[PDB]
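To start, the structure itself, in structure tokens.
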Amino acid sequence: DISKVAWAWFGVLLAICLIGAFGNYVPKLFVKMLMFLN
Amino acid sequence: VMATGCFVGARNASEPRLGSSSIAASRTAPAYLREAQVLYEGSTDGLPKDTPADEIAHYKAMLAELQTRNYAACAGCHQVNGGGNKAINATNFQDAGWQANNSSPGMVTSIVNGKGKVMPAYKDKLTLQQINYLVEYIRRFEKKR
Amino acid sequence: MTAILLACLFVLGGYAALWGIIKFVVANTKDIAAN
Amino acid sequence: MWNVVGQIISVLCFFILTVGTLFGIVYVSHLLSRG
Amino acid sequence: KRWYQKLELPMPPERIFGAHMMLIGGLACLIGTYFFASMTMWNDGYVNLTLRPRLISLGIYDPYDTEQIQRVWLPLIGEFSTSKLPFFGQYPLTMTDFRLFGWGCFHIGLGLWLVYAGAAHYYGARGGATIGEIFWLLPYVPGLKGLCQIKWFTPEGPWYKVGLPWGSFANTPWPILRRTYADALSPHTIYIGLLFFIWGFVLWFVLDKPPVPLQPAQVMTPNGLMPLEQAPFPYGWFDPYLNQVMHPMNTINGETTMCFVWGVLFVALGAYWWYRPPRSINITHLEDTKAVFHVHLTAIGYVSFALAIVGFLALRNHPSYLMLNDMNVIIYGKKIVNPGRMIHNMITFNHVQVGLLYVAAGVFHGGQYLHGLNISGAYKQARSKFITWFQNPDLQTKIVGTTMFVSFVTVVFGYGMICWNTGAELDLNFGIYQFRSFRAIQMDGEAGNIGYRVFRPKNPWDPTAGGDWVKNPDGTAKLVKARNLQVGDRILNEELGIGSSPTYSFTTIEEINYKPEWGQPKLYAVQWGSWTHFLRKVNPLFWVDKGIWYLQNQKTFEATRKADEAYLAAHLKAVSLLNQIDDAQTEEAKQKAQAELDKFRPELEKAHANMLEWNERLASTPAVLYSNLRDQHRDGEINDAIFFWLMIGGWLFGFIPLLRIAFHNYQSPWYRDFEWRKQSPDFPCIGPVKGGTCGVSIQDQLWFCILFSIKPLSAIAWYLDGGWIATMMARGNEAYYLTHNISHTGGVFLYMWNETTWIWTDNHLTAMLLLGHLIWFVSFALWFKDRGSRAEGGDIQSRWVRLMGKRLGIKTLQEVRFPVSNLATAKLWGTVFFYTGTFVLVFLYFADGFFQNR
Amino acid sequence: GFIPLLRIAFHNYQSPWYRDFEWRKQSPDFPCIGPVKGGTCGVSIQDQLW
Amino acid sequence: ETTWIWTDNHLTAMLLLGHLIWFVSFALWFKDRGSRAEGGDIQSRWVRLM
Amino acid sequence: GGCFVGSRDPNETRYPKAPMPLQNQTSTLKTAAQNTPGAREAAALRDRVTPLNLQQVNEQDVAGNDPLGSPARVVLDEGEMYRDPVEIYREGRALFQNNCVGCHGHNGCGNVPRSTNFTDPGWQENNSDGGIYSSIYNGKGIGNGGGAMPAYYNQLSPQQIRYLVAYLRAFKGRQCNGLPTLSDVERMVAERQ
Ligand code: 2GO
Ligand code: CLA
Ligand code: CLA
Ligand SMILES: CC(C)CCCCCCCCCCCC(=O)OC[C@H](OC[C@H](C[N+](C)(C)C)C(=O)O)OC(=O)CCCCCCCCCCCC(C)C
Ligand SMILES: CNCCOP(=O)(O)O[C@H](COC(=O)CCCCCCCCCCCC(C)C)OC(=O)CCCCCCCCCCCC(C)C
Ligand SMILES: CNCCOP(=O)(O)O[C@H](COC(=O)CCCCCCCCCCCC(C)C)OC(=O)CCCCCCCCCCCC(C)C
Ligand code: HEC
Ligand code: HEC
Ligand code: SF4
Ligand SMILES: [Ca+2]
């Protein structure tokens with residue numbers, strides 16, 4: 001029975017999540033965007 | 001459901017020799033100890049005359065590269081057989097008291113870091129997987145008492 | 001003496017701080033009951 | 001200077017994700033139990 | 001139920017008076033025995049250790065006293081039959097033993113006399129009392145009934161048996177006596193002034209420590225007669241641990257001059273109140289002892305808290321405790337590491353405990369007086385502003401809700417930062433984020449010539465990046481000397497010899513030529529990773545401490561800064577010259593380069609010596625707030641910032657139930673909405689209606705405050721004792737803490753394990769550990785929603801046992817009924833068990849010794 | 001650990017403490033019925049399971 | 001055993017999460033639900049005022 | 001619990017030692033009893049029993065912060081190290097009893113799983129003194145702060161680790177009842193350290 005307000009919060013937390021993942025797994029498995037490589 | 005498998009990653013192993021899985025080799029005792037004996041002795045000479053042509057020459061290439069980084073082989077401090085040298089204080093791996101009072105995990109960092117004055121650090125010479133193999137070979141030197 | 005006075009004043013200012021905060025909430029929500 | 005800014009951004013995101021997640025647990029608790 | 005409710009207020013003045021006097025006499029007797037247990041024939045224990053630094057500062061305990069005594073007051077003093085000074089003539093006694101003995105006997109004689117006199121006021125109140133009711137287990141002895149039926153303390157008797165001839169204070173016609181508690185406020189503080197004078201005269205003339213500015217030019221020491229300013233600590237003013245002359249108000253002669261300063265002030269404020277005693281309408285209801293009891297007990301609690309803070313700072317580095325570290329302290333056969341700081345920490349944490357317990361209890365006793373006003377219909381009639389200011393329920397919900405919010409935000413900030421940096425120190429990969437550790441690599445001196453293989457990116461700033469290993473012109477992987485690292489380089493974790501971070505491969509250089517603001521005087525390449533070192537600055541106390549300190553030390557700070565700047569330039573030019581050497585290619589060009597670093601070596605040496613010595617000086621400047629184990633400046637740490645946020649947030653978490661006691665003892669907003677009213681101050685619930693209602697009463701709110709406060713109290717214990725509170729997993733021996741000159745014993749969880757290595761060395765400490773753990777978890781049997789189960793099952797047990805008794809013939813078993821705790825008495829004993837279980841274990845953390853580096 | 005399971009098997013409706021009072025447990029998961037008789041939390045079958 | 005557990009960083013993360021799940025059960029098991037209901041109610045009023 | 005502790009052993013004097021120096025042992029600034037009735041017996045007695053280097057040490061003096069405290073640079077001079085058995089015993093038993101008993105036992109034969117056992121001859125013969133320093137300084141095994149054998153490079157000084165090294169060689173070939181005594185240290189030192 002979710003609100004728009006809540007959906008939107010959920011989208012915003014999905015973004016942080018994926019932004020984080022991209023930074024963690026993209027340089028490692030492609031050897032590019034080398035500022036986030038570890 | 002959860003572990004759809006389990007995402008633990010791919011295993012780190014040593015160098016690849018064509019036609020013979022290195023990852024597999026790193027869990028198969030008779031393969032890993034053959035590479036440990038080569039590192040330990042600094043030559044391929046004490047390897048079973050049954051060794052294949054490709055194997056015998058891959059080892060040599062491994063040694064030749066390590067000789068350019070001033071790698072010092074384990075035998076001959078510690079000898080080809082253990083139980084080193086009292087002169088140099090080089091550890092005797094044949095001794096059961098030395099073997100009981102070491103864990104294999106603990107032994108690892110003493111090879112990585114070196115140990116007091118003379119036993120050299122191997123962290124910049126060898127990979128941590130090649131140190132694991134050597135800890136396993138040193139285990140087989142033990143004698144009773 | 002210096003450290004003693006600082007600590008003491010920092011605890012006393014911890015209470016004084018809170019009251020001020022509470023005073024701001026009370027004044028600026030006068031005429032909204034909280035039911 | 002630039003490490004610091006980068007670190008502040010990660011910490012913000014963590015607070016947004018953990019506090020954000022906690023409140024979603026409450027909302028979800030609320031929808032199940034009732035409204 | 002009522003067994004702990006025997007004596008409830010209001011009481012009459014003579015009965016309170018008399019019991020206080022009797023308790024005072026009793027304490028004086030216990031202290032007298034503690035004086036006997038301080039004598040030098042005994043082992044060190046916790047009781048005699050917590051008094052020895054004070055008895056050293058007083059001159060009564062003398063550490064350098066070796067001679068044995070054989071005649072001192074009267075001709076019978078080596079040793080003799082039936083002791084000669086009973087049970088003590090067995091051992092060699094010194095003069096400090098005799099000084100101790102005498103002060104013991106003096107405290108036992110005064111105490112017994114005060115106990116007698118208190119009893120005279122207490123029982124002569126009631127017109128007397130018979131010997132068998134005073135002692136009460138004296139009529140059980142046979143052939144001594146007649147003895148116990150005499151009447152002592154009678155209003156009538158001959159001089160050695162009077163109590164109160166007039167019956168009460170109110171009836172006795174001495175027209176000096178004040179007649180109301182506000183009027184008595186004036187004589188009570190003149191009286192306390194007089195006590196301050198007594199102490200000052202005892203210190204000046206009995207203990208021989210006159211007041212500043214009248215201290216002697218000369219004082220006797222074990223090495224002869226010396227001048228006050230060179231005589232070491234117990235004798236004179238020279239502090240032999242810090243190597244300084246003490247400030248005059250940091251000696252005991254300072255404390256004797258304050259005896260007179262405070263005594264004059266109390267006498268004058270008491271004479272002012274004699275003439276204009278307090279009279280406000282806002283005060284008049286406070287004559288009822290139930291109401292004042294709240295005021296006084298909560299004030300006293302605050303006084304204890306302030307004793308803890310004041311005593312901790314004032315005495316952290318004082319020679320009375322450090323002197324303990326020089327004696328050869330052995331407890332249950334061990335040998336303690338830094339006993340000075342251990343006993344100092346015990347005394348201050350003792351006081352913090354007492355602080356909490358009395359603020360919480362004082363407020364509960366407050367809520368009892370208010371609840372009774374509500375029961376009796378008088379709350380609505382009350383006239384004092386100190387009640388009526390808070391009568392409005394809409395204001396009460398705004399007070400409670402905004403302190404809940406302020407608590408929420410400070411505790412989320414602190415606990416969230418702890419969680420973050422423990423993630424960072426552990427290198428945890430979450431899929432969406434890789435946490436990264438702090439690592440450092442020295443770039444200067446000899447270390448700066450060790451090489452590594454470097455993966456070096458092409459252009460960090462643009463994506464569709466790429467990198468490559470650093471090579472030679474022929475194509476082999478070249479070794480990069482730590483002096484030549486750059487921001488963005490990656491070095492393999494394995495080659496730095498790091499396991500423990502298996503989810504990634506490289507460490508990244510994030511800053512080069514880094515010099516700690518406060519730490520080692522070295523130059524590093526660093527990975528900052530996720531480690532928030534800037535968070536130390538998110539502390540108002542960092543800035544105040546460092547500002548005062550900079551203002552006081554500004555010239556050596558300026559010369560240090562300038563010596564650092566000169567060394568950095570000289571190191572940078574050395575690295576140029578070393579690089580020209582390494583990249584020569586012509587045996588001539590090599591040789592000439594080598595010639596020029598050789599003639600620049602001296603003066604790199606000089607810039608490094610200069611920098612080292614200025615840094616050593618700067619780090620020897622006196623502390624303001626944050627100190628070393630010496631008494632030198634340290635910069636604030638992440639530890640100190642987290643402590644700061646945790647004190648704000650965690651004391652609000654603990655004290656919110658006290659506000660609820662104050663406002664909602666009778667009706668809260670939940671209650672008022674249903675029209676309910678709390679009928680007593682201690683009911684457990686009213687049952688399952690509306691979901692469940694356990695735990696709303698003011699006695700229960702009291703228990704919640706105490707449990708919740710366990711949390712700020714453990715943060716204080718961990719901080720006092722040298723734990724790191726800013727993460728959970730921190731170890732003392734790691735790169736961040738050694739490069740920044742930080743000593744700690746732990747990391748929240750990691751402290752628990754690490755200190756217990758020390759606890760395990762002591763068999764008496766481990767037996768305490770076992771027991772205190774048994775006490776705590778049994779509290780869960782009493783706090784869980786479980787009492788019906790327990791009563792139902794205890795009924796099954798009763799039945800079985802009575803069956804056995806009928807079958808077996810055992811008359812005493814045939815009517816057995818096991819008692820099962822009802823709900824209120826369970827919550828009380830469960831809280832008692834939970835609290836004593838935890839804080840016997842916290843005692844152990846202090847008692848293993850103090851292990852922070854000095 | 002298994003004496004609560006025997007209590008489930010025999011005392012799901014009435015224990016001997018309930019039966020002296022005339023009580024009757026009305027469902028398998030109720031939390032209590034107390035503060036009566038000192039308090040009754042934890043007599044249901046669900047609680048004996050826990 | 002925990003000195004051996006500390007040498008693995010994945011197992012020490014598991015150790016931390018495990019401890020937190022447990023002591024929170026005490027919030028739910030103590031005789032305290034009325035206190036939690038009446039405080040929650042103060043919290044709701046306050047948030048609605050904001 | 002309180003008061004009825006025993007009588008103190010006459011051999012443990014309380015007669016006071018000199019205070020720990022404020023100056024760092026690693027300072028480049030300026031470098032590194034009476035006749036009263038029983039004061040000479042008490043000083044002579046403190047000179048054997050009361051330890052001088054038991055206290056945690058200044059932070060700039062810890063082995064990781066000392067320029068000559070790394071395993072590669074420390075001086076293990078055998079003449080200074082095995083010079084005085086009183087001293088090895090006075091110092092190493094206090095340090096060992098405090099820091100090392102927890103994991104290695106009250107007998108020094110091993111408590112924590114896989115922990116060392118210092119009485120074992122095979123272990124004694126195959127370790128250098130410099131080797132023993134390395135493992136105290138580094139720790140043993142992989143982990144944060146050392147492994148299951150924790151690192152001491154923040155924590156202890158180079159001089160404190162050296163008393164530990166000499167004390168540990170008194171464990172050789174002893175039985176599993178507590179720690180080496182004063183005459184174990186002395187027979188160890190006579191048989192060339
Ligand atoms: C570590 C070695 C050893 C082992 C064998 C051990 C095991 C266990 C077990 C088990 C089966 O393994 C259990 C079940 C257990 C139980 C207990 N132990 Zn325990 N225990 C040991 C040793 C000790 C010791 C010495 C102590 C406890 C103490 C305690 C206590 C804990 C009492 C309690 O409930 O305490 C809450 C407080 C805690 C956890 C301390 C928090 C410290 C921290 C610095 C506070 C600041 C930061 C926080 C994140 C909070 C911020 C927000 C806030 C301020 C509002 C009970 C008996 C106890 C204690 O922590 O009391 C506060 C104590 O002193 N224990 N303990
Ligand atoms: C020390 C641990 C401890 C012990 C010994 C007990 C004992 C018992 N509990 Mg309690 N309980 C505990 C903790 C413990 N509990 C905890 C932590 C909780 C919360 C979850 C509970 C919650 C609880 C519930 C809801 C109920 C019980 C019940 C019972 C009884 C079970 C009936 C029986 O089978 O007899 C067998 C008896 C035994 C197996 C115990 C032998 C006794 C011990 C080990 C000796 C005790 C030593 C004692 C600590 C030392 C202090 C003594 C001092 C003088 C030296 C039993 C007497 C039931 C009951 O019937 O109530 C009356 C019940 O319904 N328990
Ligand atoms: C983690 C432990 C924890 C936390 C965070 C809380 C939180 C709270 N308790 Mg509960 N409680 C606990 C454990 C906890 N409690 C335990 C062990 C007991 C047994 C004694 C209780 C018993 C209990 C009672 C009887 C009562 C409460 C009440 C409260 C509230 C006080 C009102 C307030 O002060 O606002 C300030 C808020 C804070 C200070 C906390 C901020 C949020 C925290 C820090 C972190 C969130 C952490 C969580 C573990 C994160 C998981 C998130 C997920 C995304 C991973 C607050 C919501 C009172 C109340 O009003 O009821 C609602 C109350 O009456 N507590
Ligand atoms: C605080 C300590 C320092 C000790 C205090 C003094 C006593 C120490 C030694 C133990 C004393 C044990 C006495 C137990 C006893 O006899 O209890 C009887 C009692 O009451 C019933 C009648 C009185 N009606 C009820 C008639 C008025 C009576 O005897 O006086 O009880 C209780 O109801 C309490 C329960 C006592 C525990 C006894 C249970 C013993 C276990 C037996 C189980 C197995 C069978 C088969 C042997
Ligand atoms: C290993 N050694 C660590 C300490 O080294 P070192 O010597 O460098 O430094 C002082 C800190 O030691 C203290 O001095 C603690 C004493 C604890 C007893 C004292 C602990 C009591 C603290 C607070 C008591 C609160 C009570 C009264 C509610 O480091 C300080 O700066 C502490 C200053 C404390 C002031 C913080 C201000 C916060 C405000 C609180 C508001 C609360 C309310 C609104 C409800
Ligand atoms: C009857 N229905 C009506 C209401 O009942 P209601 O809740 O009032 O009643 C009782 C009694 O008040 C006590 O509570 C007595 C202790 C007070 C001073 C105490 C007197 C003696 C004990 C303490 C003193 C001993 C020392 C000082 C000699 O019912 C109970 O609490 C019954 C439970 C106790 C039965 C023993 C259970 C285990 C024994 C303790 C072991 C636990 C340990 C591991 C810690
Ligand atoms: C206090 C300072 C000490 C001293 C002087 C020593 N220890 Fe320990 N230790 C522990 C474990 C698990 C081992 C085995 C390590 C392994 O093989 O896995 C050890 C080993 C040692 C050695 C031998 C080192 C060597 O290379 O051979 C030495 C000289 C040593 N220890 C001395 C465990 C722990 C602890 C548990 C946490 C603690 C604390 C200590 N040790 C402390 C000390
Ligand atoms: C001499 C030049 C050496 C070469 C080459 C190698 N090692 Fe060594 N080692 C040497 C000495 C003098 C010592 C004694 C160390 C000391 O205590 O002072 C050792 C020690 C070891 C040990 C035992 C370590 C332990 O913790 O207890 C191992 C496992 C060991 N050495 C292994 C080893 C390996 C695998 C080497 C080649 C890869 C190797 N050593 C080289 C001397 C020398
Ligand atoms: S379980 Fe106990 S506290 Fe909870 S509603 Fe029932 S009687 Fe009340
Ligand atoms: Ca401690």
Side-chain angles (χ1 to χ4, degrees), chain C, chain E residues 247 249-250 254 302 305-317 355 389 392-407 409-410 539-541 543-545 547-549 551-552 622-627 631 633 643-645 647-649 651-652 655 659 669 672-673:
Chain C
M1 223 63 211
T2 301
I4 295 169
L5 295 174
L6 295 174
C8 281
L9 278 138
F10 260 87
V11 179
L12 290 172
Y15 276 87
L18 217 221
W19 178 15
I21 287 179
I22 286 160
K23 267 211 127 66
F24 178 86
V25 177
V26 175
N28 295 120
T29 71
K30 256 192 321 215
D31 103 11
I32 291 152
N35 316 144
Chain E
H247 192 284
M249 297 318 278
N250 197 47
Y302 276 124
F305 278 124
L307 262 353
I309 304 161
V310 176
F312 171 86
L313 289 157
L315 269 0
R316 61 176 174 184
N317 309 289
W389 281 331
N392 189 36
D394 180 34
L395 172 72
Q396 308 161 5
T397 162
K398 308 209 245 252
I399 303 188
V400 177
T402 140
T403 118
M404 287 170 175
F405 176 79
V406 175
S407 183
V409 169
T410 54
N539 177 196
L541 266 23
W543 297 95
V544 168
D545 160 271
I548 293 161
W549 180 78
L551 259 30
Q552 269 160 16
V624 182
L625 174 68
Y626 302 114
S627 239
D631 175 64
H633 180 247
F643 193 71
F644 174 88
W645 295 106
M647 290 297 92
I648 300 185
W651 283 118
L652 300 175
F655 280 3
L659 253 33
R672 199 183 281 275
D673 241 58

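The figures that follow rest on heavy atoms only: side chains count, while hydrogens, waters and symmetry mates do not. Lettering follows sequence order; numbering is per chain, from 1.
In this structure, chain C has a heavy atom under 4.5 Å from the side chain of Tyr302(E), while its backbone stays farther away. Residue contact with chain C, scored on non-hydrogen atoms closer than 4.5 Å, involves the side chain of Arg316(E) exclusively. When heavy atoms are compared at a cutoff of 4.5 Å, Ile309(E) approaches chain C solely by way of its side chain, counted from C-beta outward. Contacts of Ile32(C) with chain E are made by backbone atoms alone, with heavy-atom separations under 4.5 Å and no side-chain atom involved. Neither the backbone nor the side chain of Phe24(C) comes within less than 4.5 Å of any heavy atom in chain E.
With respect to chain C, the highest number of heavy-atom pairs below 4.5 Å among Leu541(E), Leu652(E), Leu395(E), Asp545(E) belongs to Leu541(E).
Between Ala3(C) and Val624(E) the shortest heavy-atom distance is CB-O, 3.1 Å. Nearest heavy atom pair, residue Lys398(E) against residue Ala33(C), reads NZ-O, 4.4 Å.
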Q | Pair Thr402(E)-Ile21(C), side-chain contact (heavy atoms from CB on, under 4.5 Å): steps then yes or no | A | CA-CA 8 Å; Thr402(E) 140; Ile21(C) 287 179; 4.0 Å; yes
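Taking the side chain as every heavy atom from C-beta outward, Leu6(C) and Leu313(E) never approach each other to under 4.5 Å.
Residues passing the side-chain contact (heavy atoms from CB on, under 4.5 Å) test with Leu315(E), sequence neighbours excluded: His318(E), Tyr321(E), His344(E). Under the salt bridge (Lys or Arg N to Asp or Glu O under 4.0 Å) criterion, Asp631(E) pairs with no residue at all, not counting sequence neighbours.
Rounding to the nearest 0.5 angstrom, the gap separating the CG atom in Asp394(E) from the CG atom in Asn35(C) is 7.0 Å.
Heavy-atom contacts from other residues, nucleotides or ligands closer than 6.0 Å to CZ of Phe305(E) number more than 12.
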